[PDB]
Amino acid sequence: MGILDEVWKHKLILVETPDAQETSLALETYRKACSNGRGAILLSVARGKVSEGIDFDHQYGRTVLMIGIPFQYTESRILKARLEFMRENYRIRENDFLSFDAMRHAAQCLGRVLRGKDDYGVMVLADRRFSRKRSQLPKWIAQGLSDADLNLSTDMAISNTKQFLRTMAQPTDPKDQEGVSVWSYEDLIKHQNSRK
Amino acid sequence: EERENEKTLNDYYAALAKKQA
Amino acid sequence: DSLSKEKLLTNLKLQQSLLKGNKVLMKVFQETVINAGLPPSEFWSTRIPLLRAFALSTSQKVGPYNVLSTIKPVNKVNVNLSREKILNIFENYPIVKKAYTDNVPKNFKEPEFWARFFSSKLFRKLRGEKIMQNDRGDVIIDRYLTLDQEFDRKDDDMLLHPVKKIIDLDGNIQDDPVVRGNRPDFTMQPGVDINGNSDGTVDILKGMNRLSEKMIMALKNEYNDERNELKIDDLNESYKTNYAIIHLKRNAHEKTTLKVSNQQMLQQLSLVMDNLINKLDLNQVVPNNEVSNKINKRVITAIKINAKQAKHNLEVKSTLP
Amino acid sequence: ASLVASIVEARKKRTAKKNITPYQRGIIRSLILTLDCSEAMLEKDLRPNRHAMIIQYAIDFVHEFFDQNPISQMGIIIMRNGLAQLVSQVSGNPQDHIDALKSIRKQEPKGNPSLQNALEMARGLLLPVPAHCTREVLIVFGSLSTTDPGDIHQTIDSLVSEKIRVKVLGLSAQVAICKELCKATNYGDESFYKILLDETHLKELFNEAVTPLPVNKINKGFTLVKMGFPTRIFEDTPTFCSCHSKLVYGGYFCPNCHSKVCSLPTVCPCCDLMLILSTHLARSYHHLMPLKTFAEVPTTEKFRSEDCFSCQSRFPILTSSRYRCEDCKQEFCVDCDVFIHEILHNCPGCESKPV
Amino acid sequence: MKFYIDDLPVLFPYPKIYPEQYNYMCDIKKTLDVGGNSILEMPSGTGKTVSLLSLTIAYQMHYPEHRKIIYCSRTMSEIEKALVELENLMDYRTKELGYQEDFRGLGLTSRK
Amino acid sequence: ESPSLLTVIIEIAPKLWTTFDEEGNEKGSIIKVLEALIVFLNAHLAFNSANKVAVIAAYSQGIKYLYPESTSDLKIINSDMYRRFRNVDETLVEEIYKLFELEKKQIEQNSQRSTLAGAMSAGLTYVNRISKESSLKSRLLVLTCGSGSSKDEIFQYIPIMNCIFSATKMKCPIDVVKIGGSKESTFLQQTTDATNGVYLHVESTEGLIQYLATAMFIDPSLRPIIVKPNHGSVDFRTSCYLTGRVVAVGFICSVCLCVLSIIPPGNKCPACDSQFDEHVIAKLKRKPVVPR
Ligand SMILES: [Zn+2]
Ligand SMILES: [Zn+2]
Ligand SMILES: [Zn+2]
Ligand SMILES: [Zn+2]
Ligand SMILES: [Zn+2]
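Written out as structure tokens, the structure reads:
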């Protein structure tokens with residue numbers, strides 16, 4: 557189509573490959589491009605090696621684009637046998653387990669964006685089936701998902717992202733987080749005494 | 349005419365190259 | 167490097183380059199260095215920034231970037251090339267340079283080479299495009315396909331190196347070497363065809379992967414750690430400024446190259477009060493006609509001097543030829 | 096509560112202005128203005144476009160910079176086609192820089208930016224700068240990416256070695272390299288990377304940079320600079336100037352070589368001696384003895400006079425519309441407080457009070 | 001810092017602390033004292049490894065039982081991160097307690 | 021063309037005018053100045069019906085706004114005159130009567146520093162208030181008596197030099213009229229020259245109206261077309277910090293910007309307690325190089 561050509565003008569493209577050692581080199585190059593300001597985009601699988609222990613925080617993670625729900629290959633004998641076994645024994649619906657399996661992988665990748673409370677990033681879940689899965693996401697991710705973001709378009713999401721990135725780049729007021737989100741020794745003691 | 353200004357500079361620089369060399 | 171006082175004062179080729187173009191500087195050099203006899207070294211002593219600025223203009227280069235991706239062919247198709255782009259192609263793709271240097275002066279001219287190169291399969295292989303057997307390619311360039319494959323192997327070794335255990339994915343799969351489970355479905359494995367051979371899509375994925383690695387490695391040219418990265422910075426003590434303060438004590442000596465008492469002050473203060481309370485005549489303010497002429501003469505004396513100076517307070539017109 | 100909301104907002108604004116300590120500031124400066132002229136500057140987020148607005152504010156910044164820092168120097172660089180282009184050499188003439196900016200206003204921005212190329216050029220322009228001047232770079236970045244030919248980290252280390260200081264004004268969002276460049280160069284401080292949120296904030300950001308940057312305690316460069324105070328002369332016939340070799344009716348006379356100059360403050364073109372007037376130095380006295388902030392007087396206590404001490408304005412009769429100075433203890437109106445700390449730099453009550 | 005739980009002195013390796021970490025540590029200690037299994041879900045934006053190591057190491061070093069700890073990750077990279085966090089915690093403990101207490105901590109992986 | 025505000029700053033003090041009377045042969049000359057000022061203010065109100073008047077007096081213990089009177106009636110002047118002129122002249126004299134009586138009460142009070150800088154600063158504040166409130173020009177007039185030997189004018193440098201810049205920002209020319217023995221005031225002269233103002237020095241109090249109406253009557257609306265009658269030429273130089281002599285070429289500390297004609301004793305700045313590097317100061321101490 558000619559879409560990757562437009563991507564090259566803004567960020568370098570690093571792709572995940574079946575070879576593990578090559579992917580490690582891609583991560584090394586991906587990290588270097590992020591730090592030096594050149595910018596890089598990492599294409600990886602939701603159920604692969606990069607999503608099971610590699611974290612993208614601070615510059616490394618500024619936007620995560622989940623391309624569809626990481627559903628399993630339904631037409632697999634192993635999966636169907638497990639679903640039947642679970643339903644007969646543990647009374648687990650086949651559709652419910654598939655959604656549970658799919659969302660837990662999607663949430664896994666979303667949680668690798670933030671390390672501290674001073675970090676920020678935009679999480680976009682690009683799929684129509686994600687609209688009704690808000691309740692299945694982790695609690696701390698659902699509480700930040702506004703009711704108006706359950707079904708957005710590319711233009712609307714881009715507009716929100718530009719406003720959000722602009723806002724998060726401003727100096728935070730220390731008084732706003734002095735003792736409500738970060739605690740010192742004096743604050744911790746106050747909380748203990750008040751509770752006691 | 350600028351040509352003589354560059355030529356005399358070129359001759360001087362050529363002389364400079366000839367003198368230094 | 168060639169950006170210091172010593173080398174710039176010795177770079178005679180550069181000294182001639184800017185003087186050739188600059189006109190006002192050239193005029194001064196001709197009058198002061200040719201006929202007057204001022205040494206060339208002293209003339210450039212006070213103009214170091216001029217020399218450095220001229221050198222930096224042509225001493226800087228653009229950064230690496232994918233050149234063949236930006237090239238769009240746009245039956246006849248006209249593709250516009252540039253000298254800068256041609257050099258970029260050579261830098262980013264050493265195989266293209268190899269085929270260029272050994273054929274341009276020997277077999278055919280440069281324009282023929284680039285026309286053949288774009289129509290060849292190498293231009294499609296170097297680009298992240300899947301090679302199609304239906305395409306005919308070009309006879310000359312197709313020979314280098316094997317050489318490019320060998321170069322790719324060399325590039326892979328030039329990039330291979332041990333990676334930090336933090337992001338070492340190789341060890342994760344080797345954590346338990348005896349994991350014998352269910353083989354992953356075909357969705358989790360590279361695509362294959364009916365015959366079972368590769369489809370060729372992984373090759374282009376590696377091609378763009380290799381290009382990015384080469385570009386970053388080019389940046390880091392000739393021109413413990415995990416401890417800091419794994420720490421939470423937000424929980425650390427906030428940065429404290431170490432600025433200095435100055436207490437400026439201001440006391441300076443007075444500039445250098462009849463006092464009344466309180467009783468006298470009171471008497472004068474009473475006199476002014478007595479004069480004000482009694483009566484105030486604004487008509488007496490008019491002069492007596494003997495000081496008014498003097499006052500006007502004194503003021504006009506300063507006006508004439510100021511008018512003379514203010515009349516002559536792009537170069538002004540000159541009477542000389 | 097609407098009126099109360101404004102007052103508390105003013106109090107919050109005054110909170111940042113309450114802590115005014117006599118920090119040591121470098122009055123003699125050497126600034127390099129790096130503007131971005133790339134494809135990313137063709138957007139319409141700032142009407143009419145980023146390139147036009149930035150240049151317009153740059154001209155205003157140039158005017159303000161030299162008005163409040165008359166004995167400082169400035170240079171201008173532009174990032175075009177991945178290369179750094181020099182448009183004005185380090186000089187004390189405010190007109191040369193304005194002329195260069197106006198010419199740039201015509202050419203359309205294109206290409207990619209390169210911080211390394213601009214920073215490397217800045218490192219060179221600031222190399223022939225005395226040790227008593229503060230070498231500073233004010234980068235106006237507009238792109239979210241940087242294409243460089245070498246390692247930007249090496250340049251950042253080089254800048255720290257040369258005691259150069261960098262201020263970056265981004266447009267869209269934070270960039271990791273810019274944050275490191277400003278942090279590793281400002282002794283760890285992270286307040287030197289500013290991202291505007293609208294046009295009004297942009298004007299404030301340029302205006303803020305006009306003030307001198309406070310120096311660090313461990314960075315000592317104290318020295319005595321040989322200066323000169325020339326005497327203006329009024330000649331009947333035009334004479335050749337020693338700086339531009341043209342015919343000018345007037346001009347100052349250097350006290351070291353008697354060679355004349357056209358405008359001040361400039362270094363003598365013969366003895367390389369800085370020429371300045373007493374007024375040029377007086378312009379910066381308020382940066383060494385800042386006026387202590389005025390504290391709102393609570394309504395519980397009694398007041399001295401019903402009208403302002405300086406402007407004789409009837410104080411509007422909840423909150424006391426009076427501001428007092430601790431040094432002299434004289435009430436002031438809200439209007440005077442703004443004019444006494446921004447335009448004026450001396451408290452009229454303190455001067456009027458005898459000692 | 002060095003703050004107190006009902007009877008357990010715990011040394012955090014940072015001067016600050018999040019509210020979640022204190023709740024996380026309190027819940028973990030309750031689970032250990034009462035005995036049994038528990039499931040905890042803390043946001044990734046809050047220091048997680050520090051909270052577990054700080055409290056668990058203190059529990060082992062304070063109570064007479066001196067129970068050992070088994071930290072199971074899913075990959076070799078995560079083991080390195082846990083060990084790096086553990087090293088920082090122990091270094092802070094040595095600096096604050098004035099002596100290097102008898103402590104042995106090792107990871108485990110394949111020969112390769 | 022447009023209305024212009026006039027703000028007169030008169031420096032009245034027992035120590036200043038008493039010396040002026042004793043030095044000369046004119047007793048009560050302050051009355052002559054006051055009458056001339058009253059006429060001058062009336063003339064300004066006659067140039068247009070939309071221009072206001074402001075008078076600020078700098079007395080021994082502070083400043084006072086003679087006009088306009090603070091919101092908080107002996108017949109000094111005849112009532113036959115114009116209502117508007119009387120409404121201003123009468124108030125001015127009444128405040129003058131009150132202030133001098135107050136000054137007489139505190140005659141024994143010790144006042145060592147003049148209050149001219151404060152009055153000028155207050156006048157500038159009034160100019161801003163008028164400009165912002167209600171398209172009005174402004175003009176400051178400093179009618180000071182320099183006959184009295186001043187104690188030390190150094191403390192008047194930093195404030196006065198700060199008024200110059202402020203006056204140049206609001207386009208407010210400041211004119212200065214000096215009545216005293218000293219011919220030149222290096223601080224006041226610079227103020228007028230750098231602010232498009234007029235400086236005039238007069239020794240005799242009599243005939244002051246002629247000087248005021250012919251020299252300091254130029255309104256801000258026609259400054260560009262009238263050449264100022266100023267005669268003295270200023271140098272814009274400042275005296276040293278530890279010698280008190282004007283310096284044409286010298287040294288200034290890069291931290292505090294204090295002028296120094298010679299190298300300070302002890303190789304340390306006397307204004308900010310900053311230690312200069314021995315090597316760098318030794319560079320200045322080097323003498324010219326001539327072949328042996
Ligand atoms: Zn000139
Ligand atoms: Zn000179
Ligand atoms: Zn006021
Ligand atoms: Zn005060
Ligand atoms: Zn000093």
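Residue numbers (the UniProt record's numbering), protein chains in the order written: chain A, 557 to 752; chain B, 349 to 369; chain C, 167 to 240, 245 to 393, 413 to 446, 462 to 517, 536 to 543; chain D, 96 to 412, 422 to 459; chain E, 1 to 112; chain F, 21 to 92, 106 to 167, 171 to 328.
A virtual CB, placed ideally from N, CA and C, is assigned to each residue, including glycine.
Is residue i near ligand 4, in the sense that its beta carbon is under 7 Å from a heavy atom of that ligand?
| i | result |
| --- | --- |
| residue 431(D) | yes |
| residue 454(D) | yes |
| residue 434(D) | yes |
Under the three-state reduction of DSSP, which class applies to residue i: helix, strand or coil?
| i | result |
| --- | --- |
| residue 297(C) | coil |
| residue 289(F) | strand |
| residue 675(A) | coil |
| residue 229(D) | strand |
| residue 101(E) | coil |
| residue 467(C) | helix |
| residue 356(D) | strand |
| residue 184(D) | strand |
| residue 246(D) | coil |
Ordered along the chain, which non-local residues of its own chain (more than five positions away) have a Cβ less than 6 Å from that of residue i?
| i | result |
| --- | --- |
| residue 287(D) | 262, 277 and 281 |
| residue 229(D) | 121 and 124 |
| residue 93(E) | 11 |
| residue 163(D) | 305 |
Whole angstroms is fine: what's the gap from residue i's alpha carbon to residue j's?
| i | j | result |
| --- | --- | --- |
| residue 121(F) | residue 86(F) | 10 Å |
| residue 276(F) | residue 173(D) | 43 Å |
| residue 155(F) | residue 148(F) | 11 Å |
| residue 326(F) | residue 179(C) | 34 Å |
| residue 284(D) | residue 673(A) | 19 Å |
| residue 134(F) | residue 443(C) | 34 Å |
| residue 38(E) | residue 82(E) | 20 Å |
| residue 301(F) | residue 323(D) | 21 Å |
| residue 454(D) | residue 432(D) | 5 Å |
| residue 163(F) | residue 90(F) | 16 Å |
Whose CA, out of the options, lies closest to the CA of residue i?
| i | options | result |
| --- | --- | --- |
| residue 218(C) | 131(D), 302(D) and 219(D) | 219(D) |
| residue 236(D) | 366(D), 107(D) and 207(D) | 207(D) |
| residue 306(D) | 336(D), 458(D), 270(D) and 383(D) | 383(D) |
| residue 210(F) | 227(F), 220(F), 289(F) and 198(F) | 227(F) |
| residue 496(C) | 245(F), 257(F) and 264(F) | 245(F) |
| residue 590(A) | 573(A), 572(A), 605(A) and 613(A) | 613(A) |
| residue 262(F) | 538(C), 508(C) and 303(C) | 508(C) |
Going by beta carbon distance, what residues of the same chain come within less than 8 Å of residue i, once the five residues before and after it are set aside?
| i | result |
| --- | --- |
| residue 375(D) | 165, 166, 359 and 360 |
| residue 286(F) | 276, 295, 296, 297 and 298 |
For residue i, verify whether its CB is less than 7 Å away from any heavy atom of ligand 1.
| i | result |
| --- | --- |
| residue 349(D) | no |
| residue 338(D) | yes |
Check whether the Cβ of residue i lies closer than 7 Å to any heavy atom of ligand 2, and answer yes or no.
| i | result |
| --- | --- |
| residue 368(D) | yes |
| residue 357(D) | no |
Please tell me whether, using a cut-off of 7 Å, the distance from the CB of residue i to the nearest non-hydrogen atom of ligand 5 is below it.
| i | result |
| --- | --- |
| residue 291(F) | yes |
With a CB to CB cut of under 7 Å and the five nearest residues on each side skipped, what residues in its chain are close to residue i?
| i | result |
| --- | --- |
| residue 257(F) | 21, 22, 24 and 173 |
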